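Chains as they are written, first to last, in the entry's author numbering: chain E, 7 to 341; chain D, 7 to 341; chain C, 7 to 341; chain F, 7 to 341.
Beta carbons: idealized from backbone N, C-alpha and C, even for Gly.
There are 4 protein chains.
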Amino acid sequence: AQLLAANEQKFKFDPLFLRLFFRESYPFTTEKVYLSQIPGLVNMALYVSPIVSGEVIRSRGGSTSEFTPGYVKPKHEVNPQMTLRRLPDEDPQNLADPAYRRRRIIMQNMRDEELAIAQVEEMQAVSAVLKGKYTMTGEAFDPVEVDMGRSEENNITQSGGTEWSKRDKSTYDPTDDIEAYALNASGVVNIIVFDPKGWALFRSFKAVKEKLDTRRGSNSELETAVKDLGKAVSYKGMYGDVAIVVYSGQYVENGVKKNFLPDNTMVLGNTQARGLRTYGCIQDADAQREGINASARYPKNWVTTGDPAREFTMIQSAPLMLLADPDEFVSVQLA
Amino acid sequence: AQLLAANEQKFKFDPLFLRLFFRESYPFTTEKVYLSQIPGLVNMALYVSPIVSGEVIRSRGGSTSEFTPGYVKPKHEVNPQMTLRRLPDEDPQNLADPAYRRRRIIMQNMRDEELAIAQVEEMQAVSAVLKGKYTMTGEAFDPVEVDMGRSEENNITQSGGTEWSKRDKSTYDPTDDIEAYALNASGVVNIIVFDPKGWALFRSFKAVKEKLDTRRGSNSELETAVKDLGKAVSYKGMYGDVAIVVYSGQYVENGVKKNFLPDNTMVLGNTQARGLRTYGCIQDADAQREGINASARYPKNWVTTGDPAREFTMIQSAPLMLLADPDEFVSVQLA
Amino acid sequence: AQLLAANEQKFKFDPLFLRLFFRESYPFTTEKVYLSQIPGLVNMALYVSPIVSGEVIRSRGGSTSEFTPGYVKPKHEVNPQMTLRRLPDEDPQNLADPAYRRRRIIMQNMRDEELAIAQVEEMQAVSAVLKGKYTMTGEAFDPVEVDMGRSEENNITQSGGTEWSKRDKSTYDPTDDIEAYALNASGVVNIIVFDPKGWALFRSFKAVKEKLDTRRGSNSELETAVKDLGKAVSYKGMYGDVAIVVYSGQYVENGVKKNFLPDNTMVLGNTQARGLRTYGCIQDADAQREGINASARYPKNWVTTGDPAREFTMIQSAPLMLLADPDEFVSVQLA
Amino acid sequence: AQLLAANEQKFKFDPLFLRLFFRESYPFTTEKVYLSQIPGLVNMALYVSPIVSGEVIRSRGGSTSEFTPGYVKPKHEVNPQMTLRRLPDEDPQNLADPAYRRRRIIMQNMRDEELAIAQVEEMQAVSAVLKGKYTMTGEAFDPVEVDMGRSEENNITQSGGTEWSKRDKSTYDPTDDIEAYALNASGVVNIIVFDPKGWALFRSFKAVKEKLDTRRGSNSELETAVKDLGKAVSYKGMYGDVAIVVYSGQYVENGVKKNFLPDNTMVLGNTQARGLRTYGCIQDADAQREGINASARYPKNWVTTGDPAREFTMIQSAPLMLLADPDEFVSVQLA
């Protein structure tokens, strides 16, 4: 087989969630996740006479600490028959030796597993910040529930009352709702991330377009996320004080492509909220000889004998995407 | 003649179908294509407990993996008598010695032959993704029928039931038919390309004339595509979730040009459908002499005598444009 | 006299038509012009089995060829009574030298006729896309007619029961009319350039302005091409996927100005319609001795004696502006 | 322990109430504060004879000049057992080093603790300008009151009379109130900082929303510092000659967040109002050994013995935030 260090990939393509909110990382050296282990917040030390000693504080961490990490591993073989994906400026003279062929196939595979697991970590983040709830269910795995702690006041639905659809899209102003739905924000909001038609029925109201700062030049540096994710991330501009992004990402399900965001939804919050990417242990003795229990991902190539005379190149990981404040975002169920 | 490396143009101008659906290419090392060696899709991340070895992910489902590539060969002369286009700001001193003149004529003939090959590639692509069928016929040259595998229900005809023409052009809403025909999508719908005359009656309905978005605010990237395809592509605008594009592409017959689309049809699809750009193998001893059996194009220059005492230059290839899933498109035949 | 190499002009001042429709240029090495020597268009592939060599592709183009270009030739004196324009920060010490003054005057002259020559091929293209007919007349000229091959629907005038001037200025929508005009365009309509007096009628409809996107920046390249013509061309805005231009440039006859376009007229076409820039031989005995019979322009300076005892500067050319597809544009004479 | 010079923070992040109004700092070498020692105001001039020598002008203006500095000293232990934010790609094996991890957590412990004293300074400032008095009480510390000198005619309540609540949000102009409260300002007003919900009802006013000059990049240069600490501060923009901002930050009490301002409160201030950042002394003999009795912040590292067998780090400082003029700002209780 090939050594573990055959991972010259070092590519960051986080789908707008592992690169905007959750930009802080935390691996563990334990099977479960102890949320209390995270330091947490500070609490404004108080006045004291300058003769006596202090009242040294620790912030005591968080209370609930018994969740289960997202252990995942996808399977592929390196059957030296697959057609090589053509790349620009390729010297075809090396196609004779299988040493180049299999080496290239392995690297393409590693790309495949990383892009596959990026989708699942993204959808965990999406499940986290759209309802507060999260459900890790799957075959060869037990059903697991995760409650972030979101209040009922952060999942407002447009179905009740007068909706954005059954209105006059030429005289009604849409702002009256956004601050009314962003008052319960627990922080200043500047991101109004929109679904494909979520921004459509929103634009239809004429009051949007005249003050919508459509100029490319703006203050928020969100344009960075534009140049990397030029497919599913569209930066509309400024709504005045807040920024607007429309998301059209997809995930490859068992046989079909499915949209990340449910169509009639929207989310409001701050661009600098805190998001955890807790990682559990790697459950491979092969790692415990090398002590790589605290890592992001774990690649491994081997050749198996006996009945299945094949060989594999695996990547195992355990993301358990979490949110520091389940109440710093508000989800509008559009209608 | 001239060295084979004299083949450089670096002009990748796809006609909306080699850029929007078949972005990924695959040459082979054998004359006949075998579908079984493509990588395929990538499943989500399917979960597993850290107690059992996971389940192997391989691409399966293809009934027949055998098809015959579309081998073609263009011919042209090198006679130093064709009316050379005069380049802006070129000195006439090199116009005297025909050495530079031939070096420019060969490049012009190149540009012509990539144009010809791109035309045949796009026509085979559209023949594939308009009905799931595929026909490739030469002058008494082996006819091969290829079926992509589309479900018959993805080729609905608007003539069924009531036509849009036999409907009120002022109060009727055609949306209902739009989502109804988007039901059998096997994925999300984002691409609603119309016919130059087909869309003309589409816009007749009044409510359509308000719910379209004509603003220059792009969805993601479409206008960067159309700016190159400025001769037969029109970006009408948004339709909420989807954007509206009208394609009036034309192919040059022996003496005339003809429309690529039938008079009244439209296609419903996703912006990120996975399509293959597979290429056959070179049937050239010289290429196999120097070993570029796997390629998309192939240059060669030589001098022939006796009957045609002239010189020729070939760019011979074998595209067999292929789609991963014919069922992710809905071709509604308008009437 | 001055050497022929004294051709220091390097100015690209094509008035809105040679710089947008006639990018390609084809000088002729023969006195007359034969249309059948254009390169032409190319067929699909002629699909063929890879066992037998195929037929060689030959492109001929058109049937009628025997045209003859006009032979304007400006000539001018350099009588050193010319009151030189005072160049800023130029020393009057050089003003003493007659040689420097003469060189300055001849360089000013060269600009003078280069503005005098551009206009003729300008209204050549104007007449080309106005009706597709081209009559060239004048004293000592032997007037010649030129038929570009236009149809009659490319010249429809709004002269029926309902006109843009005698209907509602508030409720009528000009769109349905503009697509009614552009349906028979043999391509995607992209330029709807206006005559200013006609645009005065056009803009009278408000339904224009609630959909008129007159944002600064046409497409980020049209303004890169039109700002240099800051005196004659103006850019209004976007009508969605298309641009609007108002042109009021004037050609001056012996004593007064005149606008190129007929007053209440507008034309429809595309930014990529290819137009020929054919030129003819320069029947100068010197030109044959310097092998420059094939060129666009030709400067000369010489000293005559006896009857017109002076010295003169000389220009001569052969413009026969042509468009590949005359029917690619439709001309509406508004009323 | 560690060297006293280990203080490398230099990342001043004062929450807009020490970088807007309290740019001026005045540490003392005396354990108390002597307001008469600060320069303050200096009088105009006198008309004196050119011969006779003029009298010396002294520096008076302050009569009451005695207050108790705000001493606070938080502290923290350095046990190497916490969970650390794994920074991106710097510690392949350095994580094994106990000393490296210890220094990292000490730096992190400092970075954590400065926020607490920043909170103290912020509450000092807001308690100063929201009601004009100051109270300073803490457990193991004496209660003491500080009198700014604020007059009650800056603490008007909107509830007095006809408040904004029982007022029209479409026709009434709140500007009349704005000057009706800005007359008793003792200086031009250009800061109208609001509270989130306080501004929410204010934004409901129509006259505001046509008069609200929201266009970004205003001539005001305060926003240059606003985007730095924008995590809890918005920026509404311009209201003509004045600058409108909304602040919604929270200080962390022992277990929860708490808004600095009462909900329906607003302020009137001038962009360059002078505020004092006077600090007390370090009544630490160890500190006094190096003559650092006059400073801003004081660090310490030292190992504990006997009862709490650990190692402690001290941060001690005595801010007693004051103002040049107490009545310069006007604090209106919204309604």
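1. For C:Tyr178, name the three-state secondary structure that DSSP assigns.
2. Taking only the alpha-carbon atoms, compute the straight-line gap between D:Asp234 and D:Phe19 and give it to the nearest angstrom.
3. Please state whether the Cβ-Cβ distance between D:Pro86 and D:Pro104 is less than 8 angstroms.
4. On the CB-based measure, 16 or more other CB atoms within 10 Å of its CB, does C:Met272 come out buried or exposed?
5. Between E:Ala238 and E:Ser254, how many whole angstroms is the CB-CB distance? I'm expecting something under 8 angstroms.
6. When the Cα of C:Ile57 is compared with those of D:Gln289, D:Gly46, D:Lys306, D:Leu10, which residue comes out closest?
7. Checking contacts by CB at 8 angstroms: is C:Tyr178 closer than that to chain D?
8. What residues are listed by DSSP as bridge partners for D:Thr319?
9. Less than 8 angstroms between the beta carbons of D:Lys242 and D:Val251, yes or no?
10. With a threshold of 8 angstroms between beta carbons, is E:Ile197 in contact with chain F?
11. Between residue 3 of chain D and C:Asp247, is the Cβ-Cβ spacing less than 8 angstroms?
12. Looking at the unbroken alpha helix (DSSP H) that takes in C:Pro202, where does it start and where does it end?
13. Just the chain D side, please: which residues come within less than 8 angstroms of E:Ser240 by C-beta, in chain order?
14. My output table needs one value for D:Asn276: the three-state DSSP class, helix, strand or coil.
15. Would you say the region 130-139 of chain F touches the region 30-47 of chain E, given that touching needs at least three Cβ pairs under 8 angstroms?
16. From C:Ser176, C:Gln15, C:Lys203, pick the residue whose C-alpha is nearest to that of C:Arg110; which is it?
17. What's the call for E:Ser69, buried or exposed, on a 16-neighbour Cβ count within 10 Å?
18. Quick one: measure Cβ to Cβ for D:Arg283 and D:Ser31, integer angstroms, because I've assumed they're closer than 8 angstroms.
19. What are the boundary residues of the beta strand (DSSP E) that D:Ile250 is part of?
20. According to a CB-to-CB cut-off of less than 8 angstroms, which residues of the region 255-279 of chain E neighbour chain A?
21. Give a yes or no on whether the minimum CB-CB distance between F:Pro325 and chain E is below 8 angstroms.
22. Under the three-state reduction of DSSP, which class applies to F:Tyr241: helix, strand or coil?
23. For D:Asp247, which residues in chain E fall below 8 angstroms Cβ to Cβ?
24. Can you have a look at F:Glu145 and say buried or exposed, based on whether 16 or more other CB atoms are within 10 angstroms of its CB?
25. Could you pull the start and end residues of the beta strand (DSSP E) that F:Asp153 belongs to?
26. Would you mind sorting D:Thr319 into buried or exposed? The rule is 16 or more other CB atoms within 10 Å of its CB.
27. What are the residues in the region 210-224 of chain C lying within 8 angstroms of chain D by C-beta distance?
28. Taking 8 angstroms as the limit between beta carbons, can you name the residues of its chain near F:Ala7, skipping five residues before and five after?
29. How many Å lie between F:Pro33 and F:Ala330 at the Cα?
30. Which residues, taken in chain order from the region 45-56 of chain C, show a beta carbon closer than 9 angstroms to some beta carbon of chain D?
31. For D:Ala300, name the three-state secondary structure that DSSP assigns.
32. According to DSSP, which residues form a beta bridge with F:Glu83?
33. Kindly list, in the order they appear in chain C, the residues whose Cβ is closer than 9 angstroms to that of D:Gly243.
34. Compute the Euclidean distance between the alpha carbons of C:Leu101 and C:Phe73, then round it to the nearest angstrom.
35. By a C-beta neighbour count over all protein chains shown, 10 Å radius and 16 as the cutoff for buried, is E:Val195 buried or exposed?
36. From the DSSP output, in three-state form, read off D:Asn265 for me.
According to the data block:
1. The DSSP-derived three-state label of C:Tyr178 is coil.
2. Going by C-alpha positions, D:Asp234 is about 7 angstroms away from D:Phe19.
3. Yes, these two residues count as a Cβ contact at 8 angstroms.
4. Around the C-beta of C:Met272, 16 or more other C-beta atoms lie within 10 Å, and the residue is accordingly described as buried.
5. Contact between E:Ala238 and E:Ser254 holds: their C-beta atoms lie close to 5 angstroms from each other, under 8 angstroms.
6. Among D:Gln289, D:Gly46, D:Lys306, D:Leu10, the Cα nearest to that of C:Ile57 is on D:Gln289.
7. At a cut-off of 8 angstroms between C-beta atoms, C:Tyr178 does not count as an interface residue with respect to chain D.
8. Residue pairing from DSSP places D:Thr319 in a beta bridge opposite D:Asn307.
9. In contact: D:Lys242 and D:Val251 (Cβ atoms closer than 8 angstroms).
10. Chain F contact via Cβ: absent.
11. Lying before the first or after the last residue shown, residue 3 of chain D is absent from chain D, which here runs from 7 to 341.
12. Here the alpha helix (DSSP H) through C:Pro202 covers 202-208.
13. Under the 8 angstroms cutoff, chain D gives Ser224, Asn225, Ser226.
14. Of the three classes helix, strand and coil, the one that applies to D:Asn276 here is coil, per DSSP.
15. Under the three-pair Cβ rule at 8 angstroms, the region 130-139 of chain F does not count as touching the region 30-47 of chain E.
16. Among C:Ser176, C:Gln15, C:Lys203, the Cα nearest to that of C:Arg110 belongs to C:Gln15.
17. By the neighbour-count rule (16 or more Cβ atoms within 10 Å), E:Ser69 is not buried but exposed.
18. The beta carbons of D:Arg283 and D:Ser31 sit about 4 angstroms from each other, so the pair counts as a contact at 8 angstroms.
19. In this chain, the beta strand (DSSP E) harbouring D:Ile250 covers 248-253.
20. Any reference to chain A falls outside this structure, whose protein chains are E, D, C and F.
21. With a threshold of 8 angstroms between beta carbons, F:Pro325 makes no contact with chain E.
22. It is coil, neither helix nor strand.
23. What D:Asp247 touches in chain E: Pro202, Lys203, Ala206, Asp269.
24. So F:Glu145 counts as exposed.
25. Element bounds for F:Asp153: 150-153.
26. Around the beta carbon of D:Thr319, 16 or more other beta carbons lie within 10 angstroms, which makes this residue buried.
27. Residues passing the 8 angstroms Cβ filter: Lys217, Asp219, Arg221.
28. Contacts found: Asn307, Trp308, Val309, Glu317.
29. One C-alpha to the other measures close to 16 angstroms.
30. So the close ones are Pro45, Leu47, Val48, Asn49, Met50, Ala51, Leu52, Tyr53, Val54, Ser55, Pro56.
31. For D:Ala300, the three-state secondary structure derived from DSSP is strand.
32. Answer by DSSP bridge pairing, in chain order: F:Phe318.
33. Neighbourhood of D:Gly243 in chain C, by CB distance below 9 angstroms: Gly246, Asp247, in chain order.
34. Distance between the alpha carbons of C:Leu101 and C:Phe73 is about 49 angstroms.
35. Burial of E:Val195 is indicated by the presence of at least 16 other C-beta atoms within 10 angstroms of its C-beta.
36. Residue state, collapsed to three classes: strand.
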